[PDB]
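The lines below spell out each chain.
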Amino acid sequence: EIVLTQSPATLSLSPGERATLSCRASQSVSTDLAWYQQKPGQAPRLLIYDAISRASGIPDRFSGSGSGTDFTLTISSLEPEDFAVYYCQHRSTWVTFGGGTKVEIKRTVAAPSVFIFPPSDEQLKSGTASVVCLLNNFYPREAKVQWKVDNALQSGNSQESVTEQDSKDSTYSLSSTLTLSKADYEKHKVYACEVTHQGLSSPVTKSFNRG
Amino acid sequence: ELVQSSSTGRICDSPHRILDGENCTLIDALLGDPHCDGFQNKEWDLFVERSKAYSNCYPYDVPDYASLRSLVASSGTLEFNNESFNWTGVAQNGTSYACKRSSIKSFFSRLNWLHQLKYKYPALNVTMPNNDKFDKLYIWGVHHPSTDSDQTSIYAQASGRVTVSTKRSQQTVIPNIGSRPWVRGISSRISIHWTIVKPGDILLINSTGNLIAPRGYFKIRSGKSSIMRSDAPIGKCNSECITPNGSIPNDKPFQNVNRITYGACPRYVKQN
Amino acid sequence: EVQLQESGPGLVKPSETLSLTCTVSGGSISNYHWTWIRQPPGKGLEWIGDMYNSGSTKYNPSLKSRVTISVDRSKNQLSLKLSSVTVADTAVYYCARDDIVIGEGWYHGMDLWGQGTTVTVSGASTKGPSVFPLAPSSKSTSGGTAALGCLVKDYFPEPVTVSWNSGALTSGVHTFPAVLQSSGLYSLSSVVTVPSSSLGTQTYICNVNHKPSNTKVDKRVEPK
Ligand SMILES: *[C@@H]1O[C@H](CO)[C@@H](O[C@@H]2O[C@H](CO)[C@@H](O[C@@H]3O[C@H](CO)[C@@H](O)[C@H](O)[C@@H]3O)[C@H](O)[C@H]2NC(C)=O)[C@H](O)[C@H]1NC(C)=O
Ligand SMILES: *[C@@H]1O[C@H](CO)[C@@H](O[C@@H]2O[C@H](CO)[C@@H](O[C@@H]3O[C@H](CO)[C@@H](O)[C@H](O)[C@@H]3O)[C@H](O)[C@H]2NC(C)=O)[C@H](O)[C@H]1NC(C)=O
Ligand SMILES: *[C@@H]1O[C@H](CO)[C@@H](O[C@@H]2O[C@H](CO)[C@@H](O[C@@H]3O[C@H](CO)[C@@H](O)[C@H](O)[C@@H]3O)[C@H](O)[C@H]2NC(C)=O)[C@H](O)[C@H]1NC(C)=O
């Protein structure tokens, strides 16, 4: 069986720069390879077929090349709406896909706007307290959210998820949820999430006081 | 006296213009077989085909091979003038594995393999006039798919037609979807056809499916040129007469070498 | 325009048989070649099989004994059948069309590619979500911009669809990806940034839809 391996696993390039994605194959394939773009939560979209030929709608910025073993795709002038994982596919005797290369458009540094949400009285009636800390539109993605309950650090009892890069402003959004029982929640008073980010010269600490 | 005999064994490159289609036949150079791309727009006074010549492209079958072979032979020119047909609604430049140019999929350089575009293949109707005074030779083809799935996948038509008409002749070809013997990894075929557009005449292409469109016309040139199948070496010398067995002196009155002579040559006489 | 829509379940307990139906609108189903592709979570794309114009079928060798692709003229539907479902079959399954010309060697195209019925293979019970308000506050009023949202907690399996004001509010909405807490259930939050002046006047509804449990929830996010 033929196996496609893409390099590198992840590319980070600023807008206007040039993207180069490779798809080295195990055996000779000839001009029988296609490139696909899969936006987050969406469809792979056929970009190039027969190694070089472009499909409908596919602009001129996309330009594939190659013939046997090594194939490459070149995206000229990376635009913010190019953030996606790109795949290469071979199609003869059988069908084989590639590992995928994630392209991440890089904007300027943007500090996050931090918000905190106390638990709902409905959830408190159930017996669980979920405190949410929101970090909206920021870049770079690297950030540290530290929870504090009455001057006490919080680890393990809080999870988080980050939205994939927005296809327009190239910012990320992070949501951290600190879960406690109703008994543990009403035993303390101050609840805060401490955010340390590059665009934040000093760590931000949003807090509330009841419970 | 009388018969000449006394063959030399070589064809002289002077005074007549000789062309050695090594590995390449005239029809192959006319169509654009990748190993014959070095013969484009080249002229000749006598074209020599070899027995070692072969075809290394899509499998073609010319119905009337002799006439089309004799047509280009008399003109003594492969001058190709590109024309821009309005093939709207279809996709062009179809390539296959058999015709491999520079290690890449390709096709006949003088033909255009029209296929589906956006899963839609409309009834094409294009016309080109012969405003010029030289007669035009258009070389077209008809593709014969292997199965009905191929006919549907290339053209999205259960059946197709190709009709090429003029003031004087109308040529209609109906595809014959069949599984011919495998040649260069392909069970399909293509049928080459020609149509001469005289001055003041028009060319009508009515194709509803399986059209191998031409990329332009050729020039019918009034000339004494012709062709000769021979395996004799083309040496450097001057000889007015040429035979498949080699150049021949024209001093004696008659020739018993062969009934195939080019130029000022003693008439033929039988051996016995 | 030829359009496709995957119809299928949300959960298939192990050892059963997965049944996915692809309905095509605006085209002829007997014509055109089709193929099924699945995307395991965070693993990439994988080829399941393909049915061609001739009706002949071709399946991935690793998954031949379990895959069967059928079509039903008079319904214009493409049926995928995956027997002996294991948890490795948990993926997002897609039906796609191919521009293949078998015989002439013309392998070029994927075109129409579908939407993607997420199929989770597990013996769990489909449990609906519980929506709790993420209310703003005067603290959230930092002089102009505030934030509010909904906490969609404890549901299985993925996914849930969250809209705001029946889709009339889209600017700034961030429906976060779901996290799988230690209980085995999913939980996500969907927030939106609005001008703090419009807090006491504009009503904010979050619409949560969990199809695998046939659950629709409408909740009002309001200050205290
Ligand atoms: C007319 O055709 C003959 C036969 O094809 C030609 O002779 C052959 O020319 C090829 C040119 O590529 C020679 O190449 C071989 O290439 C492969 C590379 O993969 C290699 O395996 C061989 O060692 C060799 O290098 C081939 O040896 C040669 N002789 C044969 C086939 O007996 C001839 O060149 C052609 N002449 C013209 C004028 O086109
Ligand atoms: C099928 O291929 C032909 C040949 O390319 C297309 O016709 C037009 O041919 C001319 C001359 O060969 C092309 O111009 C060339 O452009 C390149 C790139 O700038 C340049 O380096 C050459 O010197 C030459 O000037 C022209 O680009 C080409 N047209 C197109 C649209 O590519 C024909 O259009 C092709 N059929 C299709 C794409 O359906
Ligand atoms: C061959 O190519 C010619 C060049 O266009 C095509 O000629 C004309 O095609 C039309 C169809 O579009 C023929 O049908 C006519 O349609 C009108 C209604 O639109 C109808 O009222 C007429 O009675 C007629 O049926 C038309 O006859 C034909 N010729 C002319 C002079 O217009 C032709 O369709 C192509 N195919 C063939 C097989 O000739």
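Visitor: Report on the overall build of chain C, specifying residues and quantitative values.
Guide: A count of helices and strands for chain C gives zero helices and 19 strands. Compactness check: chain C gives a C-alpha radius of gyration of 22 Å against a globular reference of 17 Å for 224 residues, more than 25% above the reference. The 224 residues of chain C split such that 51% are buried. Taking the intrachain contacts of chain C between residues at least 6 apart in sequence as the baseline, contacts between residues at least 24 apart amount to 60%. If you sum the accessible surface of chain C, you get close to 9,800 Å²; carbon and sulfur atoms cover 49% of it. Side-chain charges of chain C comprise 18 positive and 15 negative groups, with the mean position of each set lying 10 Å from the other.

Visitor: How would you sum up the state of the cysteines? Please name residues and give values.
Guide: Residue and element names in this part refer to chain B. Here the structure, examined in full by the defined rule, presents eight disulfides over all chains. Between the sulfur atoms of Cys 24 and its disulfide partner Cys 36 the distance amounts to 2.0 Å. Because the sign of the S-S torsion sets the handedness, a value of about -105° for the bond joining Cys 24 and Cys 36 places this disulfide among the left-handed ones. One end of the pair, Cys 24, is in the loop between β2 (18-21) and α1 (26-31); the other, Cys 36, is in the loop between α1 and β3 (46-49), and 12 residues separate them in sequence. With respect to burial, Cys 24 and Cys 36 carry one shared label: buried. A sulfur-sulfur separation of 2.0 Å characterises the disulfide bridge that pairs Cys 241 with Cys 265.

Visitor: Please provide a residue-by-residue account of the site of ligand 1, values included.
Guide: Residues and elements named next belong to chain B. Surveying the vicinity of ligand 1 reveals the residues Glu 22, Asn 23 and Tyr 54. At 2.3 Å from an oxygen atom of ligand 1 is found a side-chain nitrogen or oxygen belonging to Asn 23. Residue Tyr 54 places a side-chain N or O atom 3.4 Å away from an oxygen atom belonging to ligand 1. Against a free-state accessible area of 750 Å², the protein chains account for coverage of 16% of ligand 1.

Visitor: Explain helix α2 (residues 65-75) of chain B residue by residue, including any values.
Guide: Of all the positions in α2 of chain B, only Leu 68, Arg 69, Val 72, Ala 73 and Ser 75 of chain B are classed as buried. On its buried face, α2 of chain B is in contact with α1, β3, β9 (136-144), β12 (189-197), β15 (216-219) and β16 (226-229) of chain B.

Visitor: Tell me about the domain arrangement of chain C, and name the residues and values.
Guide: Residue and element names in this part refer to chain C. We note that the domain assignment places domain 1 (3-121) and domain 2 (130-220) within chain C. Of note, the centres of domain 1 and domain 2, computed from C-alpha atoms alone, are 34 Å apart. In this assembly, six residues from domain 1 lie in contact with five residues from domain 2. Between domain 1 and domain 2, the buried area comes to about 360 Å², and carbon and sulfur atoms account for 60% of it. Broken down residue by residue, the surface that domain 1 buries against domain 2 is led by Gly 10, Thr 118 and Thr 120, which jointly contribute 72%. Scanning the region where domain 1 abuts domain 2 turns up zero salt bridges. Applying the counting criterion to the domain 1 and domain 2 interface returns one residue pair in polar contact. Split into classes, the residues belonging to the side of domain 1 that touches domain 2 amount to two nonpolar, four polar and no charged.

Visitor: Describe the pattern of salt bridges, with residues and values.
Guide: Residues and elements named next belong to chain C. Enumeration according to the criterion identifies 22 salt bridges over all chains in this entry. Between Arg 38 and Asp 89 there is a salt bridge whose closest N-O contact spans 3.3 Å. Of this pair, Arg 38 sits in strand β3 (residues 33-39) while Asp 89 sits in the loop between β7 (77-82) and β8 (91-98), placing them 51 residues apart in sequence. Across this residue pair, the class does not change: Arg 38 and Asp 89 are buried. A salt bridge links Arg 97 to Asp 111, with the nearest nitrogen and oxygen atoms 3.2 Å apart. Residue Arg 97 is found in strand β8, and its partner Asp 111 is found in the loop between β10 (106-107) and β11 (117-119); the two are separated by 14 residues along the sequence. Taken together, the shared-partner salt bridges in this structure form one network comprising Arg 38, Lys 43, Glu 46, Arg 66 and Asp 89.

What counts and how
Residues numbered from 1 in each chain as written, not as in the entry; some residues may be left out. Chains lettered and ligands numbered in written order. Heavy atoms only, no water. Helix = DSSP H or I, 4+ residues; strand = E, 2+ residues; numbered from the N terminus. Rg over C-alpha atoms; globule rule 2.2 N^0.38 Å. Buried < 20%, exposed > 50% of the residue type's maximum accessible area, 1.4 Å probe, protein only. Contact = heavy atoms within 4.5 Å. Areas by Shrake-Rupley, 256 points an atom, 1.4 Å probe, with all protein chains shown as cover. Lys, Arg positive; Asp, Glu negative; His and termini not counted. Charge placed at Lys NZ, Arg CZ, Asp CG, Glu CD. Disulfide = S-S within 2.5 Å. Near = heavy atom within 4 Å. Polar contact = N/O pair within 3.5 Å; in protein donor to acceptor, adjacent residues only side chain to side chain. Domains from an automatic or database assignment. Buried area = accessible area lost by both parts, 1.4 Å probe. Salt bridge = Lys/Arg side-chain N within 4 Å of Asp/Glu carboxyl O. Nonpolar A, V, L, I, M, F, W, Y, C, P; charged D, E, K, R; others polar.

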